[PDB]
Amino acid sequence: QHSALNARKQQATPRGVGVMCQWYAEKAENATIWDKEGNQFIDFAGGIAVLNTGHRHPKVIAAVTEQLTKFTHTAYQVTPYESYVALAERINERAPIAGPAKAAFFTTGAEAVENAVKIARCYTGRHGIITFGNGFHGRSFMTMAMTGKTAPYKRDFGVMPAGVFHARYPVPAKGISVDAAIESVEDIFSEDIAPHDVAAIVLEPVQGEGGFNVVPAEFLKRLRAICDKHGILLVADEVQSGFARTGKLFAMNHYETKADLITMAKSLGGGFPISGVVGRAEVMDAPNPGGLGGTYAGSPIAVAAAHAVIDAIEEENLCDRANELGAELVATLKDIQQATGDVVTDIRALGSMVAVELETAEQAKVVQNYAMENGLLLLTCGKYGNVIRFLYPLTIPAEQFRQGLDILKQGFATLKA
């Protein structure tokens, strides 16, 4: 057990940080995690979509090791470094942005979303922000307000910032059509905030915490046309979907519609804190000097890591692997859906952004608990906690991926057993 440690944890730290695993990490590499006892876990969490290149990817660690011989922190706004500019250049070349792009780096995912909103507010001269129910954008007061889920993220913290409103995300399998979703945005214009007061509409192309809901292309196209008609900026939040998760570098790369601004974090850094925003030059250039920045933003350590993340994604063909592993997991879920009765209600996938929705959260906890007992680390998500989402490193060895898929099948088999 870890129970002296958990006693220490409960004495020394607040209860408000929920902690899922009862065991403590001692070492991790690629898609394997060891506890203090040497028990091994196959990792289908990825630190919540942060390790698309795996724990301690060798080229990421080499890059960080080399940067530790140079410097770890100067504060970019005091003394800049070339690697930050180069990383911006590499992202500008790769991002789906219309016309010349520019990029800046911050530290956290919430900061990237919040600075995209700052940039959009200042470019448009407007305050309003429209997001979607079940969207997840951060734990800041502004990003909590944008977040479309009150429990547990914001119910403790009182009044939220004005001018943030939630529309319906298109989920046709749950009877929310593209029409209904567009109509809910229009109701916000008619009821809550005039279109010329809305600075940005912000959405995840694949909703992450909200349950791995993939946006229909038709919804993006009609949303783009609405934003173009009213001068509103369109923001794709790719904090969770970016860096090869969906089988292309950015989820937006699957669509013809382009966003004006795109946010990035998590596996950008391959396990080190960094985030960023890339977007149309003219939009990014709206804030005045001193208007953007941050102490830790663009950390030299995490910039060295991110350069190696891009290298690895392209050198190891990890977009392709994301599609290959995704399809294999989807086939296993369809067979579970057949082998079971009254359990699987939906299978959603784009690349290796894959989830299975179960009728009941109790069912999903049975599977998650069994997996944990048997050396497989699984995350749930969703409004009702009945979704298992799959976030294994895209570098996971195929034979170990199969072992995980087998344990998953075993966990489901215990439900009617």
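Each residue number is its position in the shown sequence, starting from 1.
- Task: Decide which of the stretches 50-58 and 354-362 has the higher mean C-alpha B-factor, going by the entry.
- Result: Mean CA B-factor is higher for 354-362.
- Averaged over C-alpha atoms, is the B-factor higher for 244-252 or for 67-75 in this PDB entry? Between 67-75 and 244-252, it is 244-252 that shows the higher mean C-alpha B-factor.
- Most elevated Cα B-factor in the entry, residues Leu405, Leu394, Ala25, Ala12: It is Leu405.
- Message: Take the CA temperature factors straight from the PDB entry and tell me which of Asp342, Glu111, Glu82, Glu191 peaks.
- Response: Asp342 has the highest C-alpha B-factor of those listed.
- Split the chain's modelled residues into thirds by Cα B-factor; is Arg280 in the lowest, middle or highest one? Its C-alpha B-factor, which the entry lists for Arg280, ranks in the middle third among residues of this chain.
- Item | Position of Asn213 among the chain's modelled residues by C-alpha B-factor, lowest, middle or highest third | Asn213: CA B-factor falls in the middle third of its chain.
- Item | B-factor third for the C-alpha atom of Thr131 within its chain | As the PDB entry reports it, the C-alpha B-factor of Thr131 lands in the lowest third of its chain.
- Query: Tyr153: which third of its chain by C-alpha temperature factor?
  - Reply: Answer is middle: the recorded C-alpha B-factor places it there.
- Considering only modelled residues of the same chain, in which third does the CA B-factor of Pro289 rank: lowest, middle or highest? Ranked within chain, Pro289 CA B lands in the middle tercile.
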